[PDB]
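>>> fold the following for me, if possible:
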Amino acid sequence: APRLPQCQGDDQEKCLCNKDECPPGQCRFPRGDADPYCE
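Residues are numbered from 1 along each chain as shown. For reference, the structure is listed below:
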């Protein structure tokens, strides 16, 4: 499992989407009480 930073919102490099190892761009952030999903 690679050592990845935490995602922000449509990223430059590979990062954790909530707790999911996800490629740059595809980490999506839904509103309210919904957790960040890897697309």
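
>>> burial measure for residue 24, as a count.
For residue 24, the neighbour count with other C-beta atoms under 10 Å is 12. C-beta coordinates here come from the backbone N, C-alpha and C atoms, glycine included.

>>> one more: residue 31?
Neighbours of residue 31 under the rule other C-beta under 10 Å: 5.

>>> just residue 30 next, same as before
9.

>>> again with residue 34
Applying other C-beta under 10 Å, I find that residue 34 has 9 neighbouring residues.

>>> any idea how far it is from residue 18?
According to C-beta to C-beta, to the nearest Å, residue 34 stands 10 Å off from residue 18.

>>> do the same with residue 37
For residue 37 relative to residue 18 (C-beta to C-beta), the value is 7 Å.

>>> mutual contacts of residue 34 and residue 18, please.
Listed as contacting both residue 34 and residue 18 by C-beta atoms under 8 Å, 6 or more residues apart in numbering is no residue at all.

>>> for the nearest residue to residue 26 once chain neighbours are set aside, give me its contacts.
Computed as C-beta to C-beta, 6 or more residues apart in numbering, the closest residue to residue 26 that is not its neighbour in sequence is residue 39, at 4.3 Å. Each residue near residue 39 by C-beta under 8 Å, 6+ apart is listed here: 22, 26, 27, 28.

>>> roughly how far apart are the second one and residue 15?
Meaning residue 26. Counting by C-beta to C-beta - residue 26 and residue 15 are separated by 10 Å.
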